[PDB]
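Encoded as structure tokens, the following chain is the form deposited in one PDB entry, with no partner shown.
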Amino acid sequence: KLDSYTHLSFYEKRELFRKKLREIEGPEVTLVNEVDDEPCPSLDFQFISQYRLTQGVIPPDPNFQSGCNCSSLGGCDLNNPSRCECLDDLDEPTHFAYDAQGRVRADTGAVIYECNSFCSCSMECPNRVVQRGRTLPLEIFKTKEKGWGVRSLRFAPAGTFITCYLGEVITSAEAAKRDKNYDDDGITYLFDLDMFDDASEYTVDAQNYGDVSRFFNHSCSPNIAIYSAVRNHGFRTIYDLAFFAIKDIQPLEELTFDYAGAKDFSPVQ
């Protein structure tokens, strides 16, 4: 029932969005809508691959960073939990967060300690998973009752890294400033970085800048979860919000999460 002008307008809008997706560095990200005629999600945002820092936010200074030098040939060898200085932040059931497959071991907690730029291993170092980024091709799609969601295009074994939640790092102050501007917003892309001290009170906002993950929906029985990955072991005022599959993800299955912090990880209770 759309007239020629509208039909063409929707067509061009959906193509601009797919162009925006083709420009993302990494596996393919597609756009589909089998539910209605909505061209695509709003185009008023920019995809980024790094946190965008704002006014007032004092980022963790990289200068005071510890760099493990236990890089023999390959990475850092996952059999030497007692050799890395990236792991010195805790010694109990010692071990690297990942196995050989690059998946996140089930004995790994809510905190992952990856190697820094101050370490001596190559980018293929098994403890540089998150840093290597997305490997799974994804698809943004129109759900029937919820807005747009994201589903995997390939099967993803439990423990597989998916992507990080990127955005603008704002202070909990301005966060509230924006909270006073959120009008009839069906979704408020806010993510608090309070895994540790609550003094920093920093929050990630993906409203104008973000990654594909800004499209992920919430759910009660999620298949992905946030893993606080850190490189600057000394200053966790800002760290990476990493999504890892918690269970096997079938191809075309929608990806959903529900942040619970370290209050769903370490406890069987």
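Each residue number is its position in the shown sequence, starting from 1. Only residues modelled in both forms are compared. We call the rigid core whatever largest set of C-alpha positions still superposes within 1.5 Å between the two forms.
The next section is about a form of this same protein that is not shown, the form solved in complex with a partner chain.
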**Report entry** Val212, heavy atom within 4.5 angstroms of the partner chain in the entry with it bound
**Finding:** no
**Report entry** Distance check, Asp192 to the partner chain in the entry with it bound, heavy atom within 4.5 Å
**Finding:** yes
Requested in this report: May I ask you to check whether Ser71 falls inside a 4.5 Å heavy atom distance of the partner chain in the entry with it bound?
Outcome: no
Query raised in the report: At the 4.5 Å heavy atom threshold, is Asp99 in contact with the partner chain in the entry with it bound?
Result: no
Query raised in the report: So which stretch, 33-41, 222-230, 62-70, 49-57, is the one near the partner chain in the entry with it bound (non-hydrogen atoms, 4.5 Å)?
Result: 222-230
Report summary line: Assert contact residue (the partner chain, in the entry with it bound, non-hydrogen atom within 4.5 Å, options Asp107, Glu124, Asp185, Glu145) equals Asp107
Query raised in the report: Just one of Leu252, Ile24, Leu16, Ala260 has a heavy atom within 4.5 Å of the partner chain in the entry with it bound. Which one?
Result: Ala260
Query raised in the report: Rigid core as reference, CA moved 2 Å or more between the shown form and the other one - which of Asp88, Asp99, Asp197, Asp192?
Result: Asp197
**Report entry** Closer or farther in the entry with it bound: C-alpha pair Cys115, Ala199 (3 angstroms or more)
**Finding:** closer
Report summary line: What changes in the entry with it bound is the Cα distance between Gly109 and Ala199, by 3 Å or more; the two atoms are closer
Report summary line: Core-referenced diff between the shown form and the other one: runs of three or more consecutive residues, each Cα shifted 2 Å or more, sit at 3-8, 90-93, 183-186, 197-200, 259-262
